[PDB]
Amino acid sequence: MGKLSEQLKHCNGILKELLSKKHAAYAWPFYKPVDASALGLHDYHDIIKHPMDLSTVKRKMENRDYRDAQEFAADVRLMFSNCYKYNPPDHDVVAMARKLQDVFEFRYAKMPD
Ligand SMILES: CC(=O)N1c2ccc(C3=CCNCC3)cc2N(Cc2ccccc2CO)C[C@@H]1C1CC1
């Protein structure tokens, strides 16, 4: 019933959509934390100080870590920003990030208030 609750319901709906099969073709790189060691990315944690991914956002939502929509959105955008910072702009993953961020931003804009 509360404003913060309702807005976080909207955030949770968005999160569910981002993780859904509908968007899997471009969402998959963002499902789990970047495993720098697995991918041979030995500079990743020197360049990306605050890693983020959708599983972490999900855990934080489930743990009631996010106190408002703004805090949730900051993590989702951090995830995209990290991708844009680390990868060259012509990399496949950047195109995927842009597409998933489009999904995010347009639905986030429909926030109840
Ligand atoms: C999230 C993120 O920035 N990354 C990213 C994150 C996760 C994963 C994987 C997830 C599941 N297992 C396979 C790899 C792969 C990437 N890639 C590689 C990747 C992405 C998409 C298409 C093709 C490739 C191959 O060049 C890039 C980048 C990394 C350079 C930071």
# chains A, B, ... in the order shown; residues from 1 in each chain; ligands from 1
>>> residues_near_ligand(ligand="ligand 1", cutoff="8 Å", atoms="only C-alpha atoms and all ligand atoms", output="list in words")
residues 26, 28, 29, 30, 31, 32, 33, 34, 35, 36, 39, 41, 44, 53, 82, 83, 84, 86, 87, 91, 92, 93, 94 and 96 of chain A
>>> select_by_dssp(residues="chain A", states="helix (DSSP H, G or I)", output="PyMOL selection string")
chain A and resi 3-18+21-30+36-39+44-47+54-62+69-86+92-108
>>> closest_residue(among="A:69, A:85, A:51, A:102", to="residue 13 in chain A", atoms="only C-alpha atoms")
A:69
>>> closest_residue(among="A:21, A:110, A:42, A:16", to="residue 57 in chain A", atoms="only C-alpha atoms")
A:16
>>> closest_residue(among="A:62, A:6, A:75, A:46", to="residue 104 in chain A", atoms="only C-alpha atoms")
A:75
>>> closest_residue(among="A:99, A:50, A:23, A:67", to="residue 11 in chain A", atoms="only C-alpha atoms")
A:67
